[PDB]
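A.B. asks: First the structure, then my questions, so here it is.
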Amino acid sequence: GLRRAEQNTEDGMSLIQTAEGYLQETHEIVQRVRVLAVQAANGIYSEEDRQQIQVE
Amino acid sequence: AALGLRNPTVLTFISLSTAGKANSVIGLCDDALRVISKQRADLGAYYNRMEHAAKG
């Protein structure tokens with residue numbers, strides 16, 4: 058059982074590390090929209106530009 | 171046709187033989203480039219989209 062118990066903790070480490078691999082992806086996307094936002098708060102953009110920005 | 175340079179049905183395109191029509195073409199070009207810029211902003215979103223998908 059202890060040999061079996063060791064493997065599951067290893068498999069459990071895989072699943073935990075797997076999910077955090079996706080969480081890294083989303084944070085890169087969320088921070089891109091965040092930096093995309095602060096450019097859209099600028100005052101020299103026409104309506105088409107902020108509409109084009111919205112599409113991405 | 172989708173740009174506005176040529177009539178899709180009549181199959182004739184804009185002429186610049188007179189001064190008055192030229193300032194009307196100025197607006198079309200702003201619209202035509204608005205059409206193109208929007209699509210490239212679409213494809214730029216597609217181009218960025220895959221990289222976020224690929225990395226994960």
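These protein sequences, in sequence, are chains G and Y. Those letters in the first sequence? Residues 58 to 113, by UniProt numbering. Those letters in the second sequence? Residues 171 to 226, by UniProt numbering. Ideal Cβ placement from N, Cα and C applies to all residues, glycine included.
What does residue 130 of chain Y pair with, by DSSP beta-bridge criteria?
C.D. replies: In this structure chain Y extends from 171 to 226, so residue 130 of chain Y is not present and cannot be described.
A.B. asks: Residues of chain G with CB closer than 7 Å to the CB of Y/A211, please, in chain order.
C.D. replies: As a working note, residue 211 of chain Y is residue 41 in the second sequence. Neighbours of Y/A211 on chain G, chain order: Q109, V112, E113.
A.B. asks: Is the shortest distance between the beta-carbon of G/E104 and the beta-carbons of chain Y less than 8 Å?
C.D. replies: Walking along the first sequence from the start, residue 104 of chain G turns up at place 47. Using a CB distance cut-off of 8 Å, G/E104 does not count as an interface residue toward chain Y.
A.B. asks: I'd like to know if G/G78 contacts chain Y, where contact means its C-beta is closer than 8 Å to some C-beta of that chain.
C.D. replies: In the first sequence, the residue the question calls residue 78 of chain G occupies position 21. Taking Cβ atoms only, chain Y reaches closer than 8 Å to G/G78, which makes this a yes.
A.B. asks: Around the Cβ of G/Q109, are there at least 16 other Cβ atoms within 10 angstroms (buried) or fewer (exposed)?
C.D. replies: The residue labelled residue 109 of chain G in the question sits at position 52 within the first sequence. When all chains shown are included, G/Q109 counts as buried.
A.B. asks: Taking 8 Å as the threshold (C-beta atoms), are Y/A215 and G/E104 in contact?
C.D. replies: One-based indexing of the first sequence puts residue 104 of chain G at position 47. One-based indexing of the second sequence puts residue 215 of chain Y at position 45. In this structure, Y/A215 does not lie closer than 8 Å to G/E104 by Cβ.
A.B. asks: Which bits of chain Y does G/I86 rub up against, with CB to CB less than 8 Å?
C.D. replies: Locating residue 86 of chain G in the first sequence gives position 29, counting from the first residue. Correct list: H222.
A.B. asks: What residues from chain G crowd round Y/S187, counting only those whose CB sits closer than 9 Å?
C.D. replies: In the second sequence, the residue the question calls residue 187 of chain Y occupies position 17. Those do not exist, as Y/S187 stays about 30 Å from chain G at its closest Cβ, beyond 9 Å.
A.B. asks: So Y/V195 and Y/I206 are supposed to be a Cβ contact under 8 Å. How far apart are they, rounded?
C.D. replies: Residue mapping note: residue 195 of chain Y aligns to position 25 of the second sequence, counting from 1. Residue mapping note: residue 206 of chain Y aligns to position 36 of the second sequence, counting from 1. With 8 Å as the limit, Y/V195 and Y/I206 do not qualify as a contact, their Cβ atoms being about 16 Å apart.
A.B. asks: How about G/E85 and Y/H222: do their beta carbons lie closer than 8 Å?
C.D. replies: Along the first sequence, read from residue 1 onward, the residue named residue 85 of chain G stands at position 28. Along the second sequence, read from residue 1 onward, the residue named residue 222 of chain Y stands at position 52. Against a cut-off of 8 Å, the Cβ pair of Y/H222 and G/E85 comes out as a contact.
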